[PDB]
$ cat entry-v6.pdb   # PDB, C-alpha atoms and all ligand atoms
ATOM      1  CA  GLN A 383      93.042 116.738  69.423  1.00  0.00           C
ATOM      2  CA  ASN A 384      91.186 114.284  67.077  1.00  0.00           C
ATOM      3  CA  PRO A 385      87.376 114.678  66.767  1.00  0.00           C
ATOM      4  CA  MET A 386      85.334 115.455  69.910  1.00  0.00           C
ATOM      5  CA  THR A 387      81.664 115.178  70.798  1.00  0.00           C
ATOM      6  CA  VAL A 388      79.273 115.487  73.738  1.00  0.00           C
ATOM      7  CA  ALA A 389      79.165 111.781  74.780  1.00  0.00           C
ATOM      8  CA  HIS A 390      77.371 112.440  78.085  1.00  0.00           C
ATOM      9  CA  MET A 391      74.252 114.567  78.443  1.00  0.00           C
ATOM     10  CA  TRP A 392      71.607 114.609  81.218  1.00  0.00           C
ATOM     11  CA  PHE A 393      68.087 114.698  79.798  1.00  0.00           C
ATOM     12  CA  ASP A 394      66.425 111.462  81.038  1.00  0.00           C
ATOM     13  CA  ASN A 395      67.302 112.347  84.695  1.00  0.00           C
ATOM     14  CA  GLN A 396      69.648 109.285  84.744  1.00  0.00           C
ATOM     15  CA  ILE A 397      72.340 109.830  81.990  1.00  0.00           C
ATOM     16  CA  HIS A 398      71.928 106.323  80.473  1.00  0.00           C
ATOM     17  CA  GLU A 399      74.597 106.700  77.757  1.00  0.00           C
ATOM     18  CA  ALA A 400      73.623 109.040  74.872  1.00  0.00           C
ATOM     19  CA  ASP A 401      76.247 107.938  72.274  1.00  0.00           C
ATOM     20  CA  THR A 402      75.481 105.301  69.645  1.00  0.00           C
ATOM     21  CA  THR A 403      78.119 102.594  69.973  1.00  0.00           C
ATOM     22  CA  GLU A 404      79.681 100.624  67.053  1.00  0.00           C
ATOM     23  CA  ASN A 405      79.754 103.785  64.780  1.00  0.00           C
ATOM     24  CA  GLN A 406      78.234 107.317  64.865  1.00  0.00           C
ATOM     25  CA  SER A 407      75.129 107.271  62.621  1.00  0.00           C
ATOM     26  CA  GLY A 408      71.356 107.430  63.366  1.00  0.00           C
ATOM     27  CA  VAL A 409      71.204 103.647  62.840  1.00  0.00           C
ATOM     28  CA  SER A 410      68.157 102.953  64.995  1.00  0.00           C
ATOM     29  CA  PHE A 411      67.869 106.125  67.159  1.00  0.00           C
ATOM     30  CA  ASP A 412      64.566 107.973  66.568  1.00  0.00           C
ATOM     31  CA  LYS A 413      64.613 111.711  65.743  1.00  0.00           C
ATOM     32  CA  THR A 414      61.777 112.557  68.199  1.00  0.00           C
ATOM     33  CA  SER A 415      63.248 116.132  68.418  1.00  0.00           C
ATOM     34  CA  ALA A 416      61.460 117.731  71.417  1.00  0.00           C
ATOM     35  CA  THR A 417      64.125 118.076  74.100  1.00  0.00           C
ATOM     36  CA  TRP A 418      66.664 118.038  71.215  1.00  0.00           C
ATOM     37  CA  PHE A 419      64.798 120.870  69.462  1.00  0.00           C
ATOM     38  CA  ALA A 420      65.258 123.115  72.534  1.00  0.00           C
ATOM     39  CA  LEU A 421      68.803 121.721  73.202  1.00  0.00           C
ATOM     40  CA  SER A 422      69.685 122.841  69.614  1.00  0.00           C
ATOM     41  CA  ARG A 423      67.880 126.253  69.763  1.00  0.00           C
ATOM     42  CA  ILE A 424      69.446 127.403  73.078  1.00  0.00           C
ATOM     43  CA  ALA A 425      72.754 125.771  72.084  1.00  0.00           C
ATOM     44  CA  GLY A 426      72.732 127.762  68.834  1.00  0.00           C
ATOM     45  CA  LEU A 427      71.962 131.372  69.859  1.00  0.00           C
ATOM     46  CA  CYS A 428      73.519 131.185  73.332  1.00  0.00           C
ATOM     47  CA  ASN A 429      76.996 130.500  71.854  1.00  0.00           C
ATOM     48  CA  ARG A 430      80.170 132.600  71.513  1.00  0.00           C
ATOM     49  CA  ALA A 431      82.400 129.943  69.965  1.00  0.00           C
ATOM     50  CA  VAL A 432      82.341 129.863  66.132  1.00  0.00           C
ATOM     51  CA  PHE A 433      84.242 128.155  63.264  1.00  0.00           C
ATOM     52  CA  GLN A 434      85.877 131.462  62.162  1.00  0.00           C
ATOM     53  CA  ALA A 435      83.277 132.198  59.470  1.00  0.00           C
ATOM     54  CA  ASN A 436      82.424 129.012  57.514  1.00  0.00           C
ATOM     55  CA  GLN A 437      84.673 126.549  55.579  1.00  0.00           C
ATOM     56  CA  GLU A 438      86.595 126.717  52.282  1.00  0.00           C
ATOM     57  CA  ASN A 439      87.081 122.999  51.524  1.00  0.00           C
ATOM     58  CA  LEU A 440      87.968 121.455  54.901  1.00  0.00           C
ATOM     59  CA  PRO A 441      86.430 119.799  58.000  1.00  0.00           C
ATOM     60  CA  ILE A 442      84.330 121.508  60.703  1.00  0.00           C
ATOM     61  CA  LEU A 443      86.482 119.701  63.316  1.00  0.00           C
ATOM     62  CA  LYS A 444      89.755 121.218  61.870  1.00  0.00           C
ATOM     63  CA  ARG A 445      88.703 124.856  61.127  1.00  0.00           C
ATOM     64  CA  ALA A 446      90.002 126.578  64.255  1.00  0.00           C
ATOM     65  CA  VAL A 447      87.887 128.262  66.905  1.00  0.00           C
ATOM     66  CA  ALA A 448      87.071 131.786  67.667  1.00  0.00           C
ATOM     67  CA  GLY A 449      85.135 132.293  70.893  1.00  0.00           C
ATOM     68  CA  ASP A 450      85.698 132.864  74.609  1.00  0.00           C
ATOM     69  CA  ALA A 451      86.767 130.776  77.656  1.00  0.00           C
ATOM     70  CA  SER A 452      83.524 128.673  77.918  1.00  0.00           C
ATOM     71  CA  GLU A 453      83.878 126.019  75.131  1.00  0.00           C
ATOM     72  CA  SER A 454      83.636 125.277  71.362  1.00  0.00           C
ATOM     73  CA  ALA A 455      82.576 121.610  71.856  1.00  0.00           C
ATOM     74  CA  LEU A 456      79.142 123.121  72.655  1.00  0.00           C
ATOM     75  CA  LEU A 457      79.079 124.166  68.928  1.00  0.00           C
ATOM     76  CA  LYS A 458      80.995 121.247  67.295  1.00  0.00           C
ATOM     77  CA  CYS A 459      77.794 119.189  67.522  1.00  0.00           C
ATOM     78  CA  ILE A 460      75.552 122.026  66.268  1.00  0.00           C
ATOM     79  CA  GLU A 461      77.094 123.439  63.043  1.00  0.00           C
ATOM     80  CA  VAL A 462      77.815 119.838  61.857  1.00  0.00           C
ATOM     81  CA  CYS A 463      74.168 119.123  60.881  1.00  0.00           C
ATOM     82  CA  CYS A 464      71.885 120.911  63.429  1.00  0.00           C
ATOM     83  CA  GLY A 465      71.848 124.416  61.894  1.00  0.00           C
ATOM     84  CA  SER A 466      73.754 127.563  60.899  1.00  0.00           C
ATOM     85  CA  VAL A 467      74.360 129.614  64.029  1.00  0.00           C
ATOM     86  CA  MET A 468      75.908 132.359  61.832  1.00  0.00           C
ATOM     87  CA  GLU A 469      72.374 132.590  60.333  1.00  0.00           C
ATOM     88  CA  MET A 470      70.248 132.205  63.485  1.00  0.00           C
ATOM     89  CA  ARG A 471      72.184 135.234  64.878  1.00  0.00           C
ATOM     90  CA  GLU A 472      70.046 137.290  62.449  1.00  0.00           C
ATOM     91  CA  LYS A 473      67.010 134.961  62.165  1.00  0.00           C
ATOM     92  CA  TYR A 474      66.321 135.944  65.782  1.00  0.00           C
ATOM     93  CA  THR A 475      66.092 139.741  66.238  1.00  0.00           C
ATOM     94  CA  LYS A 476      67.775 139.495  69.780  1.00  0.00           C
ATOM     95  CA  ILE A 477      65.398 141.399  72.187  1.00  0.00           C
ATOM     96  CA  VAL A 478      67.570 141.725  75.340  1.00  0.00           C
ATOM     97  CA  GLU A 479      70.548 139.764  76.779  1.00  0.00           C
ATOM     98  CA  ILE A 480      71.317 140.713  80.446  1.00  0.00           C
ATOM     99  CA  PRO A 481      75.103 140.344  81.196  1.00  0.00           C
ATOM    100  CA  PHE A 482      76.299 138.169  84.128  1.00  0.00           C
ATOM    101  CA  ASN A 483      79.001 140.674  85.246  1.00  0.00           C
ATOM    102  CA  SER A 484      80.451 138.756  88.208  1.00  0.00           C
ATOM    103  CA  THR A 485      77.539 138.273  90.689  1.00  0.00           C
ATOM    104  CA  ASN A 486      74.932 136.651  88.504  1.00  0.00           C
ATOM    105  CA  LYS A 487      76.890 133.554  87.178  1.00  0.00           C
ATOM    106  CA  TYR A 488      73.916 133.214  84.749  1.00  0.00           C
ATOM    107  CA  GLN A 489      73.043 134.996  81.518  1.00  0.00           C
ATOM    108  CA  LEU A 490      69.655 135.451  79.875  1.00  0.00           C
ATOM    109  CA  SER A 491      68.737 136.163  76.284  1.00  0.00           C
ATOM    110  CA  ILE A 492      64.980 136.655  75.575  1.00  0.00           C
ATOM    111  CA  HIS A 493      64.595 136.541  71.739  1.00  0.00           C
ATOM    112  CA  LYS A 494      61.556 136.301  69.518  1.00  0.00           C
ATOM    113  CA  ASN A 495      60.992 133.089  67.537  1.00  0.00           C
ATOM    114  CA  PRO A 496      59.158 133.291  64.171  1.00  0.00           C
ATOM    115  CA  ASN A 497      59.049 129.529  63.554  1.00  0.00           C
ATOM    116  CA  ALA A 498      58.439 125.937  64.792  1.00  0.00           C
ATOM    117  CA  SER A 499      56.222 125.158  67.871  1.00  0.00           C
ATOM    118  CA  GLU A 500      58.091 127.847  69.852  1.00  0.00           C
ATOM    119  CA  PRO A 501      56.102 130.852  71.169  1.00  0.00           C
ATOM    120  CA  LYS A 502      56.617 134.198  69.382  1.00  0.00           C
ATOM    121  CA  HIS A 503      58.690 135.383  72.353  1.00  0.00           C
ATOM    122  CA  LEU A 504      60.711 132.900  74.448  1.00  0.00           C
ATOM    123  CA  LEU A 505      63.583 133.248  76.943  1.00  0.00           C
ATOM    124  CA  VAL A 506      66.848 131.243  77.204  1.00  0.00           C
ATOM    125  CA  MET A 507      69.404 131.024  80.046  1.00  0.00           C
ATOM    126  CA  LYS A 508      73.011 129.805  80.293  1.00  0.00           C
ATOM    127  CA  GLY A 509      75.324 129.847  83.349  1.00  0.00           C
ATOM    128  CA  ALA A 510      76.716 127.826  86.226  1.00  0.00           C
ATOM    129  CA  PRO A 511      74.549 124.667  86.697  1.00  0.00           C
ATOM    130  CA  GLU A 512      73.985 125.202  90.479  1.00  0.00           C
ATOM    131  CA  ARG A 513      73.339 128.944  90.136  1.00  0.00           C
ATOM    132  CA  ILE A 514      70.641 128.153  87.554  1.00  0.00           C
ATOM    133  CA  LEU A 515      69.260 125.342  89.790  1.00  0.00           C
ATOM    134  CA  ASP A 516      68.604 128.084  92.411  1.00  0.00           C
ATOM    135  CA  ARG A 517      65.529 129.112  90.360  1.00  0.00           C
ATOM    136  CA  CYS A 518      65.214 125.987  88.235  1.00  0.00           C
ATOM    137  CA  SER A 519      62.326 123.923  89.671  1.00  0.00           C
ATOM    138  CA  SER A 520      61.371 121.822  86.585  1.00  0.00           C
ATOM    139  CA  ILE A 521      63.292 119.530  84.151  1.00  0.00           C
ATOM    140  CA  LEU A 522      62.393 118.355  80.579  1.00  0.00           C
ATOM    141  CA  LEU A 523      61.739 114.618  79.940  1.00  0.00           C
ATOM    142  CA  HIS A 524      61.358 113.656  76.239  1.00  0.00           C
ATOM    143  CA  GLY A 525      59.408 116.843  75.417  1.00  0.00           C
ATOM    144  CA  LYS A 526      57.388 116.792  78.685  1.00  0.00           C
ATOM    145  CA  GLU A 527      58.011 118.665  81.870  1.00  0.00           C
ATOM    146  CA  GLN A 528      58.763 117.104  85.222  1.00  0.00           C
ATOM    147  CA  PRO A 529      58.712 119.052  88.529  1.00  0.00           C
ATOM    148  CA  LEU A 530      62.156 119.232  90.126  1.00  0.00           C
ATOM    149  CA  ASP A 531      62.348 118.192  93.820  1.00  0.00           C
ATOM    150  CA  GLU A 532      65.088 117.203  96.330  1.00  0.00           C
ATOM    151  CA  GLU A 533      65.146 113.820  94.491  1.00  0.00           C
ATOM    152  CA  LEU A 534      65.450 115.386  91.015  1.00  0.00           C
ATOM    153  CA  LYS A 535      68.159 117.646  92.511  1.00  0.00           C
ATOM    154  CA  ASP A 536      69.917 114.454  93.596  1.00  0.00           C
ATOM    155  CA  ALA A 537      69.693 113.036  90.097  1.00  0.00           C
ATOM    156  CA  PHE A 538      71.048 116.343  88.706  1.00  0.00           C
ATOM    157  CA  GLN A 539      73.764 116.587  91.372  1.00  0.00           C
ATOM    158  CA  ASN A 540      75.150 113.045  91.048  1.00  0.00           C
ATOM    159  CA  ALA A 541      75.065 113.470  87.248  1.00  0.00           C
ATOM    160  CA  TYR A 542      76.691 116.977  87.264  1.00  0.00           C
ATOM    161  CA  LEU A 543      79.314 115.714  89.780  1.00  0.00           C
ATOM    162  CA  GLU A 544      80.061 112.611  87.583  1.00  0.00           C
ATOM    163  CA  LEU A 545      80.482 114.953  84.588  1.00  0.00           C
ATOM    164  CA  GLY A 546      82.671 117.531  86.416  1.00  0.00           C
ATOM    165  CA  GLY A 547      81.491 120.145  88.942  1.00  0.00           C
ATOM    166  CA  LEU A 548      85.110 121.480  88.932  1.00  0.00           C
ATOM    167  CA  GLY A 549      84.623 124.956  87.365  1.00  0.00           C
ATOM    168  CA  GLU A 550      83.735 125.696  83.715  1.00  0.00           C
ATOM    169  CA  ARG A 551      83.192 122.084  82.569  1.00  0.00           C
ATOM    170  CA  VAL A 552      79.462 121.455  82.978  1.00  0.00           C
ATOM    171  CA  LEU A 553      77.071 124.251  81.897  1.00  0.00           C
ATOM    172  CA  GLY A 554      73.304 124.471  82.472  1.00  0.00           C
ATOM    173  CA  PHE A 555      71.477 125.516  79.183  1.00  0.00           C
ATOM    174  CA  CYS A 556      67.774 126.073  80.045  1.00  0.00           C
ATOM    175  CA  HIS A 557      64.812 127.921  78.473  1.00  0.00           C
ATOM    176  CA  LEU A 558      61.361 129.384  79.109  1.00  0.00           C
ATOM    177  CA  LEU A 559      58.496 129.017  76.617  1.00  0.00           C
ATOM    178  CA  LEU A 560      56.847 132.411  77.337  1.00  0.00           C
ATOM    179  CA  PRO A 561      53.130 133.109  76.584  1.00  0.00           C
ATOM    180  CA  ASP A 562      52.060 134.902  73.439  1.00  0.00           C
ATOM    181  CA  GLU A 563      48.710 136.416  74.471  1.00  0.00           C
ATOM    182  CA  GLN A 564      49.745 137.151  78.052  1.00  0.00           C
ATOM    183  CA  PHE A 565      52.979 138.952  76.986  1.00  0.00           C
ATOM    184  CA  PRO A 566      53.385 142.224  74.971  1.00  0.00           C
ATOM    185  CA  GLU A 567      53.546 142.449  71.167  1.00  0.00           C
ATOM    186  CA  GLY A 568      56.078 145.308  71.547  1.00  0.00           C
ATOM    187  CA  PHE A 569      58.595 142.807  73.103  1.00  0.00           C
ATOM    188  CA  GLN A 570      59.009 145.513  75.748  1.00  0.00           C
ATOM    189  CA  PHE A 571      60.967 143.790  78.514  1.00  0.00           C
ATOM    190  CA  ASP A 572      64.131 145.893  78.536  1.00  0.00           C
ATOM    191  CA  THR A 573      66.683 145.153  81.285  1.00  0.00           C
ATOM    192  CA  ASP A 574      65.106 147.854  83.526  1.00  0.00           C
ATOM    193  CA  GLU A 575      61.458 146.865  83.116  1.00  0.00           C
ATOM    194  CA  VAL A 576      61.957 143.058  82.997  1.00  0.00           C
ATOM    195  CA  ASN A 577      58.352 141.847  83.699  1.00  0.00           C
ATOM    196  CA  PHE A 578      59.436 138.250  82.728  1.00  0.00           C
ATOM    197  CA  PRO A 579      59.491 135.261  85.162  1.00  0.00           C
ATOM    198  CA  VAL A 580      62.883 134.014  86.466  1.00  0.00           C
ATOM    199  CA  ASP A 581      61.586 131.089  88.536  1.00  0.00           C
ATOM    200  CA  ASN A 582      60.836 127.315  88.136  1.00  0.00           C
ATOM    201  CA  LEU A 583      60.878 127.588  84.291  1.00  0.00           C
ATOM    202  CA  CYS A 584      62.339 124.592  82.361  1.00  0.00           C
ATOM    203  CA  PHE A 585      65.922 123.276  83.078  1.00  0.00           C
ATOM    204  CA  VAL A 586      66.052 121.306  79.741  1.00  0.00           C
ATOM    205  CA  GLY A 587      69.302 119.430  80.724  1.00  0.00           C
ATOM    206  CA  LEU A 588      73.123 119.240  80.721  1.00  0.00           C
ATOM    207  CA  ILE A 589      75.085 119.701  77.415  1.00  0.00           C
ATOM    208  CA  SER A 590      78.224 118.263  78.988  1.00  0.00           C
ATOM    209  CA  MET A 591      81.186 116.826  76.999  1.00  0.00           C
ATOM    210  CA  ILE A 592      84.059 114.385  77.228  1.00  0.00           C
ATOM    211  CA  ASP A 593      87.776 115.082  76.456  1.00  0.00           C
ATOM    212  CA  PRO A 594      89.673 111.773  76.815  1.00  0.00           C
ATOM    213  CA  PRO A 595      88.646 109.180  74.171  1.00  0.00           C
TER     214      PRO A 595
HETATM  215  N1  LIG A 601      79.419 132.740  77.998  1.00  0.00           N
HETATM  216  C1  LIG A 601      79.076 132.178  79.153  1.00  0.00           C
HETATM  217  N2  LIG A 601      77.766 132.202  79.452  1.00  0.00           N
HETATM  218  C2  LIG A 601      77.391 131.776  80.658  1.00  0.00           C
HETATM  219  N3  LIG A 601      78.149 131.319  81.639  1.00  0.00           N
HETATM  220  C3  LIG A 601      79.466 131.260  81.277  1.00  0.00           C
HETATM  221  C4  LIG A 601      80.001 131.652  80.080  1.00  0.00           C
HETATM  222  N4  LIG A 601      81.387 131.525  80.095  1.00  0.00           N
HETATM  223  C5  LIG A 601      81.647 131.124  81.316  1.00  0.00           C
HETATM  224  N5  LIG A 601      80.535 131.052  82.113  1.00  0.00           N
HETATM  225  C6  LIG A 601      80.412 131.392  83.532  1.00  0.00           C
HETATM  226  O1  LIG A 601      81.441 132.220  84.045  1.00  0.00           O
HETATM  227  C7  LIG A 601      80.925 132.521  85.328  1.00  0.00           C
HETATM  228  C8  LIG A 601      81.888 133.147  86.339  1.00  0.00           C
HETATM  229  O2  LIG A 601      82.382 132.234  87.302  1.00  0.00           O
HETATM  230  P1  LIG A 601      83.925 131.868  87.362  1.00  0.00           P
HETATM  231  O3  LIG A 601      84.039 130.803  88.380  1.00  0.00           O
HETATM  232  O4  LIG A 601      84.358 131.658  85.967  1.00  0.00           O
HETATM  233  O5  LIG A 601      84.429 133.280  87.975  1.00  0.00           O
HETATM  234  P2  LIG A 601      85.969 133.811  88.005  1.00  0.00           P
HETATM  235  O6  LIG A 601      85.824 135.279  87.921  1.00  0.00           O
HETATM  236  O7  LIG A 601      86.756 133.176  86.936  1.00  0.00           O
HETATM  237  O8  LIG A 601      86.526 133.435  89.497  1.00  0.00           O
HETATM  238  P3  LIG A 601      88.014 133.650  90.089  1.00  0.00           P
HETATM  239  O9  LIG A 601      88.109 135.081  90.435  1.00  0.00           O
HETATM  240  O10 LIG A 601      88.026 132.790  91.281  1.00  0.00           O
HETATM  241  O11 LIG A 601      88.980 133.217  89.065  1.00  0.00           O
HETATM  242  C9  LIG A 601      80.232 131.215  85.777  1.00  0.00           C
HETATM  243  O12 LIG A 601      78.862 131.482  85.935  1.00  0.00           O
HETATM  244  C10 LIG A 601      80.294 130.276  84.561  1.00  0.00           C
HETATM  245  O13 LIG A 601      79.080 129.534  84.428  1.00  0.00           O
END
$ encode --input "entry-v6.pdb" --output "structure tokens" --more "lines below"
Ligand SMILES: Nc1ncnc2c1ncn2[C@@H]1O[C@H](COP(=O)(O)OP(=O)(O)OP(=O)(O)O)[C@@H](O)[C@H]1O
Amino acid sequence: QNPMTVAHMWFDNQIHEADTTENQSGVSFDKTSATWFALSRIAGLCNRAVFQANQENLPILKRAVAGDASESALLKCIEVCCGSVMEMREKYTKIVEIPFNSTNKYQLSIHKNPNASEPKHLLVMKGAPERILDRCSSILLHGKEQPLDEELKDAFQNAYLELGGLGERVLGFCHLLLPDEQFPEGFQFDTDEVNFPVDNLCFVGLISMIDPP
């Protein structure tokens, strides 16, 4: 149906819009890409939906999908102007990517990162917003951290619950900026020999959507 977009995202701890009324351009909105940089990195690699290859002559929003039962809307506001995911699949060498199976309700992907302010190894998570929140004890405010607490849980909860909370509708999308010097050059984590933290980390925020116009 029609175009779609994100509309609502939770990044400020308080929703406060996040779509530029009158018409969609960057009229007066700053780039400032800190939270956005992460919310475009995770959002890229940690995706399964694609635009069935690229495009012959025709719009991103009327390609098709290929993908699995999560969403494609997660990607419809990435490949538009945020970056080639079909490229970043190979840009990042893809260290390890623990499956969720049916207990975990989260996935991980470690990955390297050659470029930008990101450490040479990082980690990214996706999965059910609550089941992430279990470990997730920070949140990311305009490139800064904040400590999560019962109050920041509340802010998350009432947001998440406004957005859906039904099933697969809201996802979590978090990361971890791992150390360079204090981690191994051999990227030797494995899935057996983990050695990586799975704790407070950095929640980043909710890449939720809308569906009615
Ligand atoms: N690619 C994905 N990456 C991460 N999480 C995803 C992805 N696609 C869907 N999810 C997750 O699917 C997971 C499984 O929970 P879900 O409620 O879907 O189980 P189910 O097996 O369908 O349950 P039921 O047996 O009741 O139908 C949830 O963690 C949800 O976040």
$ residues_around --input "entry-v6.pdb" --residues "residue A:470" --least-positions-apart "5" --cutoff "9 Å" --atoms "all atoms listed in the file" --output "PyMOL selection string"
chain A and resi 423+426-427+465
$ resolve_selection --input "entry-v6.pdb" --expression "the PyMOL selection byres (((chain A and resi 582) around 8) and not hetatm)" --output "list in words"
residues 517, 518, 519, 520, 580, 581, 583 and 584 of chain A
$ resolve_selection --input "entry-v6.pdb" --expression "the PyMOL selection byres (((not hetatm)) within 10 of (chain A and resi 601))" --output "JSON, numbers by chain"
{"A": [428, 429, 430, 431, 449, 450, 451, 452, 453, 481, 482, 483, 484, 485, 486, 487, 488, 489, 490, 507, 508, 509, 510, 511, 512, 513, 514, 548, 549, 550, 551, 552, 553, 554, 555]}
$ closest_residue --input "entry-v6.pdb" --among "A:387, A:577, A:415, A:454" --to "residue A:499" --atoms "only C-alpha atoms"
A:415
$ closest_residue --input "entry-v6.pdb" --among "A:541, A:456, A:438, A:461" --to "residue A:399" --atoms "all atoms listed in the file"
A:541
$ resolve_selection --input "entry-v6.pdb" --expression "the PyMOL selection byres (((chain A and resi 388) around 8) and not hetatm)" --output "PyMOL selection string"
chain A and resi 386-387+389-391+455-456+459+589-592
$ residues_near_point --input "entry-v6.pdb" --point "(65.6, 116.9, 91.4)" --cutoff "12 Å" --atoms "only C-alpha atoms" --output "list in words"
residues 394, 395, 396, 512, 515, 516, 518, 519, 520, 521, 522, 528, 529, 530, 531, 532, 533, 534, 535, 536, 537, 538, 539, 540, 541, 542, 582, 585 and 587 of chain A
$ residues_around --input "entry-v6.pdb" --residues "residue A:385" --least-positions-apart "2" --cutoff "9 Å" --atoms "all atoms listed in the file" --output "ChimeraX atom specification"
/A:383,387,443-444
$ atom_distance --input "entry-v6.pdb" --atom1 "atom CA of residue A:460" --atom2 "atom CA of residue A:497"
18.3 Å
$ atom_distance --input "entry-v6.pdb" --atom1 "atom CA of residue A:467" --atom2 "atom CA of residue A:425"
9.1 Å
